[PDB]
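Asks: Pasting the sequence and an experimental structure:
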Amino acid sequence: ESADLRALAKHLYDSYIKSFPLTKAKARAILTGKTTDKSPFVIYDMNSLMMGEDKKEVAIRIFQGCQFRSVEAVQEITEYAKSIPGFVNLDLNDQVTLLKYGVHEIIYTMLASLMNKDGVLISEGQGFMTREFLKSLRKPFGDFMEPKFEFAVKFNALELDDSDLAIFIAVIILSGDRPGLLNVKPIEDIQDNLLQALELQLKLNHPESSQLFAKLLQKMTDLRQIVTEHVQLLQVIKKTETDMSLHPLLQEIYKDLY
Amino acid sequence: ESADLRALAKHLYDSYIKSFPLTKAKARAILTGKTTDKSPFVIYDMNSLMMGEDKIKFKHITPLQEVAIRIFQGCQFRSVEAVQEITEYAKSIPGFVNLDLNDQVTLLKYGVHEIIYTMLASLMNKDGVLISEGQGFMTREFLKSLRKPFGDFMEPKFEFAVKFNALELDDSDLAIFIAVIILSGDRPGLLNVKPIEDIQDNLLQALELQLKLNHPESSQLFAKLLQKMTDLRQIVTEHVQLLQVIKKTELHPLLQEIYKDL
Ligand SMILES: O=S(=O)(Nc1ccc(Sc2nc3cc(Cl)ccc3s2)c(Cl)c1)c1ccc(C(F)(F)F)cc1Cl
Ligand SMILES: O=S(=O)(Nc1ccc(Sc2nc3cc(Cl)ccc3s2)c(Cl)c1)c1ccc(C(F)(F)F)cc1Cl
Ligand SMILES: O=S(=O)(Nc1ccc(Sc2nc3cc(Cl)ccc3s2)c(Cl)c1)c1ccc(C(F)(F)F)cc1Cl
């Protein structure tokens, strides 16, 4: 059945490339040292932030940035989702349910690709905001990304590439344990096919990294935690920033995440 | 090597049997009614609680002196007994005692909760849980009928158990699974993660070979099981959220010293 699980991985890797413009391979090239052609502008203080304003207050504008991009992220993830075999064939309501709870877990997973212990790529790689600058922002804004860094650091630790992430992302989506799913069996039969394909994929692409499959699935707790904490932070600004205004798409996702 | 993995499983199984008298197989015999042994006193409401208190041994796990509070205390006591059993089982996991003394303390401090509810699932069915070595059976509704916040404590655990038992795992599977949980190299404060994750790998291969041979008809049981580790961490986190609600809205100092964790 290998031929089937390998062909499946092959298909997901393909859709993943067609759905996500900024892959890990590209982010790493910019973060390592291809440079010259891909060299990023860095923001580490209010000074450079201003000089880099060519690519409300500061914290609010940076936040406004994230939301717009997440919205964009949701769009891509939705597109990738309809490519996972069996997904569009499931009950419409559950498709929506899988997306509402899968989106943030996937966003921070892929966001790890653009991070390193020191910062994160922004504006499609055009820029790079240091971890410290972000942390100096007035709270609760300065407390938004730190947990993501902690996660990204431990997660990138696995040294996964895009083809692995392709399947892993698929697995996060087809989670039968989401709140409200009407039909759980059908969703789980798909995941069993994905988890299977992931394990094989991880054993073939990383023949030296022992129990990578088991180590990867264990990162789910970190994702869930980061997501919950995020949802909390959103509440604070929801009360302290009554003129914030959230995108409707994000408003629907945050509906019951608290 | 396959012979080593098969050996480690048997070893952990024998060790598990020694550390835990009330096995899952035996627990299921009592539940399904398929046993010649005395049926457990059922606690379905207050009246029966005060009733079967004698044979239920609720006087031995409770101070000299209301219900909700008293059942909660019973839980703590059984939990502490569990910790010791888990702690002795740890010693039997190859390499465990050879680790830094601090990491052992750490692995156990953060591991016991996950393992308690995992094992507790072996004494539960959709309607309730076996108690006191099987001499009792407290129903799910009675616990849920308890006043707030106490009635919110066990419900989450039932939802988990019902899904967990669907995996139809046996004591031989559970043994390796438990060990896997204890040897988690991602616990806060570990000083030397290398040897710890090295042991988990061994336990993970042993667990996977064990699942494949004992559950051939079950695809990805291994993966599915690993996912349950996520459900457990969730259950422990919520648990703490409820506990804090207690410490805030609540005694004997010396007694609290025994139950200063669980
Ligand atoms: O909780 S956040 O970490 N969310 C958040 C949301 C979207 C993006 S952008 C972003 N870019 C990509 C690119 C790819 Cl290829 C995949 C996923 C993403 S997510 C970023 Cl960098 C952060 C966050 C950090 C800092 C702030 C602020 F600076 F405003 F305080 C707000 C948020 Cl929401
Ligand atoms: O994709 S983003 O590059 N969008 C984004 C959105 C607004 C501003 S701030 C900004 N403020 C001004 C003010 C003037 Cl008068 C002119 C130009 C600009 S650009 C910045 Cl620096 C970035 C981005 C940056 C940083 C993060 C995060 F902080 F989360 F890491 C996320 C994103 Cl999406
Ligand atoms: O998080 S818990 O699910 N852990 C937990 C820990 C040990 C046992 S065993 C247990 N054995 C006995 C025996 C007697 Cl005679 C009386 C009460 C109990 S509770 C059980 Cl059933 C649950 C829990 C459930 C319910 C309550 C309370 F009823 F107080 F609300 C508290 C906890 Cl901690």
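Replies: Looks like it came in fine. Residues are numbered from 1 along each chain as shown, chains lettered A, B, ... in the order given. Ligands and ions are numbered 1, 2, ... in the order given.

Asks: can you map out the strands along chain A?
Replies: Counting by DSSP state E, chain A forms strands over residues A:41-43, A:115-116, A:119-122, A:127-130, given from the N-terminal end onward.

Asks: Which stretch among the ones you listed approaches ligand 2 most closely?
Replies: Proximity of those to ligand 2 was assessed by C-beta to the nearest ligand atom; the nearest stretch is strand A:119-122, lying at 3.7 Å. Heads up, the C-betas are built off the backbone N, CA and C, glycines and all.

Asks: Enumerate the positions of that closest one that are buried.
Replies: Counting neighbours by 16 or more other C-beta atoms under 10 Å in any protein chain shown, one finds that the buried residues in strand A:119-122 are A:119-122.

Asks: OK, now which residue of chain A is nearest to ligand 3?
Replies: With C-beta to the nearest ligand atom, the shortest gap between chain A and ligand 3 falls at residue A:221, namely 18.7 Å.

Asks: rewinding a little: make CSV from the strands of chain A and add distance to residue A:53 to it.
Replies: What follows is the strands of chain A, written out as CSV (distance: least, C-beta to C-beta, whole Å):
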stretch, distance to residue A:53
strand A:41-43, 10
strand A:115-116, 22
strand A:119-122, 12
strand A:127-130, 10
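
Asks: With distance to chain B added, can I get these in TSV?
Replies: TSV is the format used below for these (distance: least, C-beta to the nearest C-beta, whole Å):
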stretch	distance to chain B
strand A:41-43	31
strand A:115-116	19
strand A:119-122	23
strand A:127-130	26
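
Asks: Save those as TSV, and put in distance to ligand 3 too.
Replies: As requested, the strands of chain A are exported to TSV (distance: least, C-beta to the nearest ligand atom, whole Å):
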stretch	distance to ligand 3
strand A:41-43	47
strand A:115-116	37
strand A:119-122	39
strand A:127-130	43
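
Asks: Residue A:86: which of those strands is closest?
Replies: When these are ranked by distance to residue A:86, counting by C-beta to C-beta, first place goes to strand A:115-116 at 32.0 Å.

Asks: Not counting the closest one itself, show me its contacts.
Replies: A:31, A:121, A:148-149, A:152-153, A:156 (C-beta atoms under 8 Å, 6 or more residues apart in numbering or on different chains).

Asks: For residue A:81, give me its contacts.
Replies: Applying C-beta under 8 Å, 6+ apart, the residues near residue A:81 are A:87, A:95, A:98-99, A:102, A:173.

Asks: 10 Å - rerun?
Replies: Residue A:81 is in contact with A:15, A:19, A:87-88, A:95, A:98-99, A:102-103, A:106, A:169-170, A:173-174, counting by C-beta atoms under 10 Å, 6 or more residues apart in numbering or on different chains.

Asks: Narrow these to those that are buried.
Replies: Restricting the contacts of residue A:81 to buried positions leaves A:15, A:19, A:87, A:95, A:98-99, A:102-103, A:106, A:169-170, A:173-174, with burial counted as 16+ other C-beta under 10 Å.

Asks: Show me what stretch A:203-211 is in contact with.
Replies: With C-beta under 10 Å, 6+ apart as the contact definition, stretch A:203-211 has outside contacts at A:2, A:5-6, A:9, A:158-161, A:163-164, A:202, A:212-213, A:215-216, A:218, B:197-198, B:200-205, B:208, B:226.

Asks: Quick check, residue A:30 in contact with residue A:120.
Replies: No - assessed by C-beta atoms under 10 Å, residue A:30 is found out of contact with residue A:120, at 11.4 Å.

Asks: Now do the shared contacts for those two.
Replies: Here residue A:30 and residue A:120 have A:114, A:128 as joint contacts, going by C-beta under 10 Å, 6+ apart.

Asks: hang on, the earlier thing: go through the buried ones among the contacts of residue A:81 and say which is closest to chain B.
Replies: Set against chain B, the nearest of the buried ones among the contacts of residue A:81 by C-beta to the nearest C-beta is residue A:174 (11.8 Å).

Asks: what sits against the residue nearest to that closest one when sequence neighbours are not counted?
Replies: In this structure, residue A:174 finds its nearest non-sequential neighbour in residue A:191, 4.2 Å apart by C-beta to C-beta, 6 or more residues apart in numbering or on different chains. Under the criterion of C-beta under 10 Å, 6+ apart, the contact partners of residue A:191 comprise A:84, A:86, A:170-177, A:198, B:220, B:223-224, B:227.

Asks: same check, this time on residue A:188
Replies: Taking C-beta under 10 Å, 6+ apart as the contact definition, residue A:188 lies against A:174-177, A:181, A:195, B:220, B:224.

Asks: Let me have the residues you listed in TSV, adding distance to ligand 1 as columns.
Replies: Written out in TSV, the entries for the contacts of residue A:188 read as follows (distance: C-beta to the nearest ligand atom, whole Å):
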residue	distance to ligand 1
A:174	19
A:175	19
A:176	24
A:177	23
A:181	25
A:195	23
B:220	28
B:224	28
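
Asks: ok, which pair from those is furthest apart?
Replies: Looking at the contacts of residue A:188 by C-beta to C-beta, the two members farthest from one another are A:181 and B:220, with 18.7 Å of separation.

Asks: Can you give the distance of stretch A:189-203 from its chain's centre?
Replies: For stretch A:189-203, the gap between its own C-alpha mean and the chain's C-alpha mean amounts to 20 Å (C-alpha atoms, centre = their mean, to the nearest Å).

Asks: mind listing what's buried in it?
Replies: Of all the residues in stretch A:189-203, those buried under the rule 16+ other C-beta under 10 Å are A:190-202.

Asks: mind exporting that stretch as CSV, just the C-alpha atoms?
Replies: Output of stretch A:189-203 as CSV, limited to C-alpha atoms (Å, rounded to 0.1, in the frame of the first residue of the first chain):
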residue,chain,number,x,y,z
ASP,A,189,-11.0,7.6,8.2
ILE,A,190,-9.3,10.4,6.2
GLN,A,191,-6.9,11.3,9.0
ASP,A,192,-6.0,7.6,9.5
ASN,A,193,-4.9,7.7,5.8
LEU,A,194,-3.0,10.9,6.4
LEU,A,195,-1.3,10.0,9.6
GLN,A,196,-0.3,6.8,7.9
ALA,A,197,1.2,8.7,4.9
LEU,A,198,3.0,11.1,7.3
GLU,A,199,4.7,8.3,9.2
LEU,A,200,5.9,6.7,6.0
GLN,A,201,6.9,10.1,4.7
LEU,A,202,8.9,11.0,7.8
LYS,A,203,10.7,7.6,7.9
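
Asks: Which residue lies nearest the spatial centre of chain A?
Replies: The centre of chain A sits closest to residue A:107, judged by C-alpha atoms, centre = their mean, with a distance of 2.1 Å.

Asks: Once you drop chain neighbours, what's closest to it?
Replies: Spatial nearest neighbour of residue A:107, excluding adjacent residues (C-beta to C-beta, 6+ apart): residue A:73 at 5.0 Å.

Asks: what does residue A:218 give?
Replies: If the residues on either side of it in the chain are set aside, residue A:218 comes closest to residue B:229, at 6.4 Å by C-beta to C-beta, 6+ apart.

Asks: what's residue A:167 in contact with, if anything?
Replies: The contact partners of residue A:167, taken as C-beta under 10 Å, 6+ apart, are A:5, A:8-9, A:12-13, A:16, A:84, A:194-202, A:216.

Asks: The same query, at a cut-off of 7 Å, please.
Replies: Contacts of residue A:167 were listed using C-beta atoms under 7 Å, 6 or more residues apart in numbering or on different chains, and they are A:9, A:12, A:194, A:197-198, A:201.

Asks: Show me the buried ones among the contacts of residue A:81 that map onto helices.
Replies: Secondary structure of these is defined by DSSP state H; positions in helices are A:15, A:19, A:95, A:98-99, A:102-103, A:106, A:169-170, A:173.
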